[PDB]
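One structure is given below, encoded as structure tokens.
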Amino acid sequence: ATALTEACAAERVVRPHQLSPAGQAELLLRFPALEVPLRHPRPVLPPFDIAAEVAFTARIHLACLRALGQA
Amino acid sequence: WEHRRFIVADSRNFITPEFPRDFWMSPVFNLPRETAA
């Protein structure tokens, strides 16, 4: 929680996906727990978000609506 | 006792509703994968 803010505060970037790959690879060397939310194609949750759970229940709600109206 | 009229529930009892022509072109039966909701 200290590094993920200061690495974005030094670059004036609001979201850590927009960080430069020179800066992104520096966090991977110190902190190897950040592999999955940084180097994954299609995560089932939106990474580095706060309503990421709250998005998830809202996506199943949509998928169950279109399951009705098409059928 | 009790007396009443009586209509038999046979499986040939159907019902014919009428749809408007622009009914199925409604913005709820046609949803995208990602809405604003």
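Note that we place each Cβ from the backbone using ideal geometry, even for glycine, and neighbour counts take in every protein chain shown. What follows is calculated from the coordinates using simple rules that are stated; it is not laboratory data.
How high is the relative contact order of chain A, given as a whole-number percent (alpha carbon pairs under 8 Å, six or more residues apart)?
The value is 16 percent.
Which order results if B:10, A:49 are arranged by neighbouring Cβ count within 10 Å, fewest first?
B:10, A:49
How far is helix A:52-69 tilted off the main Cα axis of chain A, in degrees rounded to 10, range 0 to 90?
The two axes meet at around 30 degrees.
I need the P(r) histogram for chain A: all alpha carbon pairs, bin width 10 Å from 0 out to the longest distance, whole percents.
Binned Cα distances yield the sequence 16, 40, 24, 13, 7, 0.
Taking θ as phi - 60°, what are the ³J(HN,Hα) couplings along the stretch A:42-50 by the Karplus curve (6.51, -1.76, 1.60), each to the nearest whole Hz, with x for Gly and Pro?
9, x, 5, 10, x, x, 6, 10, 10
Step through the residues of the stretch B:16-25 one at a time and calculate ³J(HN,Hα) from phi using the Karplus curve (6.51 cos²θ - 1.76 cosθ + 1.60, θ = phi - 60°), rounding each to whole Hz and writing x for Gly and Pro.
Karplus values, whole Hz, x for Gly and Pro: 10, x, 10, 9, x, 6, 9, 6, 6, 8.
Please identify, among A:29, A:45, A:19, the residue showing maximal mean-square fluctuation in a Gaussian network model of chain A using a 10 angstrom Cα cutoff.
A:29
Scan chain A and report its longest stretch carrying no GluC sites (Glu not before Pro) that are both in a DSSP loop and have at most 15 other Cβ atoms within 10 Å.
A:36-71
List the residues, sorted by chain then number, that are 5 or more residues from residue B:29 or on another chain and whose placed amide H is less than 5 Å from its amide H.
The list, which skips near neighbours in sequence, is empty: none.
For the stretch B:29-36, what does the Karplus curve 6.51 cos²θ - 1.76 cosθ + 1.60, with θ = phi - 60°, yield as ³J(HN,Hα) per residue in whole Hz, taken in order and with x for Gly and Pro?
So the Karplus estimates, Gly and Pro as x, are 6, 10, 10, x, 6, 9, 9, 7 Hz.
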